[PDB]
file coords21.cif (mmCIF, C-alpha atoms)
data_protein
loop_
_atom_site.label_atom_id
_atom_site.label_comp_id
_atom_site.auth_asym_id
_atom_site.auth_seq_id
_atom_site.Cartn_x
_atom_site.Cartn_y
_atom_site.Cartn_z
CA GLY A 1 6.98 14.85 -8.75
CA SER A 2 8.10 13.90 -12.23
CA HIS A 3 10.72 16.63 -11.85
CA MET A 4 11.52 16.04 -8.17
CA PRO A 5 12.16 12.98 -6.00
CA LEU A 6 10.03 11.61 -3.18
CA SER A 7 12.04 12.43 -0.06
CA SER A 8 12.61 10.12 2.88
CA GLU A 9 10.01 12.03 4.88
CA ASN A 10 7.46 11.89 2.07
CA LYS A 11 8.20 8.18 1.60
CA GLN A 12 7.46 7.63 5.28
CA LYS A 13 4.26 9.64 4.93
CA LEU A 14 3.13 7.50 2.00
CA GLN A 15 4.14 4.35 3.88
CA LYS A 16 1.68 5.25 6.64
CA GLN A 17 -1.07 5.99 4.11
CA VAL A 18 -0.69 2.51 2.60
CA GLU A 19 -0.62 1.03 6.10
CA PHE A 20 -3.80 3.05 6.74
CA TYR A 21 -5.75 1.33 4.00
CA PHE A 22 -4.58 -2.08 5.23
CA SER A 23 -5.08 -1.41 8.95
CA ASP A 24 -7.27 -3.80 10.94
CA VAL A 25 -9.88 -1.10 11.50
CA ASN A 26 -10.12 0.11 7.92
CA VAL A 27 -9.68 -3.08 5.93
CA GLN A 28 -12.63 -4.66 7.70
CA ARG A 29 -14.88 -1.89 6.35
CA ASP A 30 -13.44 -1.84 2.84
CA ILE A 31 -15.51 -4.18 0.67
CA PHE A 32 -13.57 -3.22 -2.43
CA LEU A 33 -10.16 -3.77 -0.87
CA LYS A 34 -11.22 -7.04 0.76
CA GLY A 35 -12.46 -8.09 -2.66
CA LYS A 36 -9.04 -7.56 -4.19
CA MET A 37 -7.36 -9.36 -1.32
CA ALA A 38 -9.66 -12.34 -1.84
CA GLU A 39 -8.57 -12.74 -5.46
CA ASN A 40 -5.62 -14.80 -4.24
CA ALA A 41 -4.86 -16.85 -1.11
CA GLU A 42 -2.01 -14.59 -0.06
CA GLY A 43 -4.10 -11.43 0.11
CA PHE A 44 -1.86 -9.67 -2.39
CA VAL A 45 -3.14 -6.41 -3.89
CA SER A 46 -1.47 -4.84 -6.94
CA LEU A 47 0.33 -1.56 -6.40
CA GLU A 48 -1.43 -0.22 -9.50
CA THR A 49 -4.67 -0.65 -7.57
CA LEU A 50 -3.21 1.32 -4.68
CA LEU A 51 -2.39 4.15 -7.09
CA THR A 52 -6.13 4.66 -7.58
CA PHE A 53 -6.78 5.39 -3.90
CA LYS A 54 -6.99 9.08 -2.96
CA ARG A 55 -4.35 9.13 -0.23
CA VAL A 56 -1.84 7.50 -2.56
CA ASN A 57 -2.86 9.30 -5.77
CA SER A 58 -2.28 12.69 -4.19
CA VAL A 59 1.35 11.73 -3.49
CA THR A 60 2.47 9.69 -6.50
CA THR A 61 1.38 8.12 -9.78
CA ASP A 62 4.37 5.77 -10.04
CA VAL A 63 4.32 2.20 -8.70
CA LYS A 64 8.11 2.34 -8.36
CA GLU A 65 7.91 5.15 -5.82
CA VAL A 66 5.24 3.21 -3.94
CA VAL A 67 7.64 0.25 -3.71
CA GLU A 68 10.31 2.43 -2.07
CA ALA A 69 7.78 4.00 0.27
CA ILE A 70 6.41 0.62 1.36
CA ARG A 71 9.57 -1.46 1.79
CA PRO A 72 10.47 -0.24 5.33
CA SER A 73 7.06 -1.28 6.67
CA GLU A 74 6.77 -4.07 9.23
CA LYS A 75 3.02 -4.34 8.65
CA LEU A 76 3.20 -4.88 4.88
CA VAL A 77 5.05 -7.36 2.66
CA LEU A 78 5.95 -6.78 -1.01
CA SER A 79 5.67 -9.59 -3.55
CA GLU A 80 8.90 -11.08 -4.90
CA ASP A 81 8.39 -9.11 -8.13
CA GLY A 82 7.55 -5.86 -6.35
CA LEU A 83 4.23 -5.40 -8.15
CA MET A 84 1.98 -6.32 -5.22
CA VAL A 85 1.69 -5.91 -1.46
CA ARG A 86 -0.09 -7.82 1.31
CA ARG A 87 -0.76 -7.46 5.02
CA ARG A 88 1.80 -9.08 7.28
CA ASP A 89 -1.06 -10.20 9.53
CA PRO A 90 -4.20 -12.26 8.74
CA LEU A 91 -7.61 -10.60 8.52
CA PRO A 92 -8.94 -10.08 12.07
#

call {"tool": "encode", "arguments": {"input": "coords21.cif", "output": "structure tokens"}}
result
Amino acid sequence: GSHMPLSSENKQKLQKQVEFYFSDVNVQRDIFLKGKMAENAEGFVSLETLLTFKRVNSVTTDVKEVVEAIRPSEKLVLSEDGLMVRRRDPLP
């Protein structure tokens, strides 16, 4: 969308896609994602990593748009510097 913005509705759609990858059901089956989460004790995963996932990549290629899409979430928490995101809740 280099030429057009990511609307509020599309931000909400992307928000749910990020929540999808981090959901209790999915995360427990994702060896790659769990591997990234285990790189630090807070379970933070870089937004650039998220940009490589299909459901995110089809919507945006800019970490800054991912930050705006994610912020409203009550299931995810952004790092102080806005370059990473983690689950609000501990692994099941």

call {"tool": "resolve_selection", "arguments": {"input": "coords21.cif", "expression": "the PyMOL selection byres ((chain A and resi 64-67) around 10)", "output": "list in words"}}
result
residues 5, 6, 11, 14, 15, 18, 47, 48, 50, 51, 56, 59, 60, 61, 62, 63, 68, 69, 70, 71, 72, 78, 82, 83, 84 and 85 of chain A

call {"tool": "resolve_selection", "arguments": {"input": "coords21.cif", "expression": "the PyMOL selection byres ((chain A and resi 31-44) around 9)", "output": "NGL selection string"}}
result
:A and (21-22 or 27-30 or 45-46 or 49 or 77-79 or 84-87 or 90)

call {"tool": "write_last_selection", "arguments": {"input": "coords21.cif", "atoms": "C-alpha atoms", "output": "short mmCIF file (atom, residue, chain, number, x, y, z; two decimals), keeping the file's coordinate frame"}}
result
data_model
loop_
_atom_site.label_atom_id
_atom_site.label_comp_id
_atom_site.auth_asym_id
_atom_site.auth_seq_id
_atom_site.Cartn_x
_atom_site.Cartn_y
_atom_site.Cartn_z
CA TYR A 21 -5.75 1.33 4.00
CA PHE A 22 -4.58 -2.08 5.23
CA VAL A 27 -9.68 -3.08 5.93
CA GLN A 28 -12.63 -4.66 7.70
CA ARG A 29 -14.88 -1.89 6.35
CA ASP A 30 -13.44 -1.84 2.84
CA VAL A 45 -3.14 -6.41 -3.89
CA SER A 46 -1.47 -4.84 -6.94
CA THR A 49 -4.67 -0.65 -7.57
CA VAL A 77 5.05 -7.36 2.66
CA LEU A 78 5.95 -6.78 -1.01
CA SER A 79 5.67 -9.59 -3.55
CA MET A 84 1.98 -6.32 -5.22
CA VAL A 85 1.69 -5.91 -1.46
CA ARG A 86 -0.09 -7.82 1.31
CA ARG A 87 -0.76 -7.46 5.02
CA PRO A 90 -4.20 -12.26 8.74
#

call {"tool": "atom_distance", "arguments": {"input": "coords21.cif", "atom1": "CA of residue 25 in chain A", "atom2": "CA of residue 58 in chain A"}}
result
22.2 Å

call {"tool": "atom_distance", "arguments": {"input": "coords21.cif", "atom1": "CA of residue 13 in chain A", "atom2": "CA of residue 73 in chain A"}}
result
11.4 Å

call {"tool": "atom_distance", "arguments": {"input": "coords21.cif", "atom1": "CA of residue 10 in chain A", "atom2": "CA of residue 26 in chain A"}}
result
22.0 Å

call {"tool": "decode", "arguments": {"input": "coords21.cif", "residues": "range 41-82 of chain A", "atoms": "N, CA and C atoms", "output": "tab-separated table (two decimals), in the first residue's frame"}}
result
chain	number	residue	atom	x	y	z
A	41	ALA	N	13.79	-14.28	27.60
A	41	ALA	CA	12.88	-14.65	28.68
A	41	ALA	C	11.52	-13.98	28.68
A	42	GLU	N	11.34	-13.00	27.81
A	42	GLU	CA	10.08	-12.28	27.76
A	42	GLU	C	9.18	-12.79	26.64
A	43	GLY	N	9.73	-13.66	25.80
A	43	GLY	CA	8.98	-14.21	24.69
A	43	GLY	C	8.76	-13.22	23.56
A	44	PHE	N	9.60	-12.20	23.51
A	44	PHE	CA	9.50	-11.19	22.46
A	44	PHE	C	9.95	-11.74	21.10
A	45	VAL	N	9.20	-11.38	20.07
A	45	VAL	CA	9.49	-11.78	18.69
A	45	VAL	C	9.55	-10.50	17.86
A	46	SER	N	10.59	-10.33	17.06
A	46	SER	CA	10.73	-9.11	16.26
A	46	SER	C	9.63	-8.98	15.21
A	47	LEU	N	9.18	-7.75	15.00
A	47	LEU	CA	8.14	-7.51	14.01
A	47	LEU	C	8.68	-7.83	12.62
A	48	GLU	N	9.99	-7.72	12.42
A	48	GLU	CA	10.51	-8.06	11.09
A	48	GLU	C	10.31	-9.55	10.83
A	49	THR	N	10.30	-10.35	11.89
A	49	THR	CA	10.08	-11.78	11.71
A	49	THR	C	8.63	-11.98	11.30
A	50	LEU	N	7.74	-11.23	11.93
A	50	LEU	CA	6.32	-11.35	11.61
A	50	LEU	C	6.04	-11.00	10.15
A	51	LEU	N	6.82	-10.07	9.61
A	51	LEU	CA	6.65	-9.67	8.22
A	51	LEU	C	6.91	-10.81	7.23
A	52	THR	N	7.57	-11.87	7.70
A	52	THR	CA	7.87	-12.99	6.82
A	52	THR	C	6.76	-14.04	6.78
A	53	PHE	N	5.80	-13.92	7.68
A	53	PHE	CA	4.68	-14.86	7.74
A	53	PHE	C	3.63	-14.46	6.70
A	54	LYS	N	3.12	-15.46	5.99
A	54	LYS	CA	2.14	-15.27	4.92
A	54	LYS	C	0.96	-14.35	5.20
A	55	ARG	N	0.29	-14.55	6.33
A	55	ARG	CA	-0.88	-13.74	6.65
A	55	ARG	C	-0.56	-12.28	6.94
A	56	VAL	N	0.71	-12.00	7.23
A	56	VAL	CA	1.12	-10.63	7.49
A	56	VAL	C	1.66	-10.02	6.19
A	57	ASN	N	2.50	-10.80	5.52
A	57	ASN	CA	3.15	-10.42	4.26
A	57	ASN	C	2.16	-10.04	3.16
A	58	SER	N	0.98	-10.64	3.17
A	58	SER	CA	0.00	-10.32	2.15
A	58	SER	C	-0.65	-8.96	2.39
A	59	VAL	N	-0.54	-8.46	3.62
A	59	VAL	CA	-1.14	-7.19	4.01
A	59	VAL	C	-0.18	-6.00	4.06
A	60	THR	N	1.05	-6.24	4.51
A	60	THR	CA	2.01	-5.15	4.63
A	60	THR	C	3.45	-5.66	4.58
A	61	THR	N	4.38	-4.74	4.32
A	61	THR	CA	5.80	-5.09	4.28
A	61	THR	C	6.54	-4.05	5.12
A	62	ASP	N	5.78	-3.32	5.93
A	62	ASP	CA	6.32	-2.26	6.79
A	62	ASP	C	6.05	-2.49	8.27
A	63	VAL	N	7.12	-2.65	9.05
A	63	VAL	CA	7.00	-2.87	10.49
A	63	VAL	C	6.22	-1.76	11.18
A	64	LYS	N	6.28	-0.55	10.64
A	64	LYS	CA	5.57	0.57	11.26
A	64	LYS	C	4.06	0.43	11.15
A	65	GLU	N	3.59	-0.21	10.09
A	65	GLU	CA	2.15	-0.42	9.94
A	65	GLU	C	1.74	-1.56	10.88
A	66	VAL	N	2.64	-2.52	11.08
A	66	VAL	CA	2.34	-3.63	11.96
A	66	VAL	C	2.21	-3.12	13.39
A	67	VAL	N	3.00	-2.11	13.75
A	67	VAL	CA	2.93	-1.55	15.10
A	67	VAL	C	1.54	-0.94	15.34
A	68	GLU	N	1.05	-0.18	14.36
A	68	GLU	CA	-0.26	0.46	14.49
A	68	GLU	C	-1.38	-0.58	14.53
A	69	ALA	N	-1.23	-1.63	13.74
A	69	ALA	CA	-2.23	-2.68	13.70
A	69	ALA	C	-2.30	-3.46	15.02
A	70	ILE	N	-1.14	-3.68	15.62
A	70	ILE	CA	-1.05	-4.45	16.86
A	70	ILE	C	-1.42	-3.72	18.14
A	71	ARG	N	-1.04	-2.45	18.25
A	71	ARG	CA	-1.28	-1.69	19.48
A	71	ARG	C	-2.59	-1.91	20.24
A	72	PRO	N	-3.74	-1.85	19.56
A	72	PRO	CA	-5.04	-2.04	20.22
A	72	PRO	C	-5.27	-3.39	20.90
A	73	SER	N	-4.48	-4.39	20.52
A	73	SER	CA	-4.65	-5.73	21.07
A	73	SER	C	-4.51	-5.84	22.58
A	74	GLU	N	-5.31	-6.73	23.16
A	74	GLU	CA	-5.27	-6.97	24.60
A	74	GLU	C	-4.60	-8.32	24.84
A	75	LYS	N	-4.23	-8.99	23.75
A	75	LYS	CA	-3.58	-10.29	23.83
A	75	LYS	C	-2.10	-10.19	23.53
A	76	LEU	N	-1.68	-9.05	22.98
A	76	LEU	CA	-0.28	-8.83	22.62
A	76	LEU	C	0.26	-7.58	23.30
A	77	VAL	N	1.57	-7.54	23.49
A	77	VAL	CA	2.23	-6.39	24.11
A	77	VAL	C	3.46	-6.04	23.28
A	78	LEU	N	3.57	-4.76	22.90
A	78	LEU	CA	4.69	-4.27	22.11
A	78	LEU	C	5.85	-3.89	23.03
A	79	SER	N	7.07	-4.07	22.54
A	79	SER	CA	8.25	-3.73	23.33
A	79	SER	C	8.32	-2.21	23.43
A	80	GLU	N	9.03	-1.72	24.44
A	80	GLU	CA	9.16	-0.28	24.64
A	80	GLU	C	9.61	0.44	23.36
A	81	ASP	N	10.49	-0.19	22.58
A	81	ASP	CA	10.98	0.42	21.35
A	81	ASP	C	10.13	0.15	20.11
A	82	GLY	N	9.04	-0.59	20.29
A	82	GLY	CA	8.15	-0.89	19.18
A	82	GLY	C	8.74	-1.72	18.05
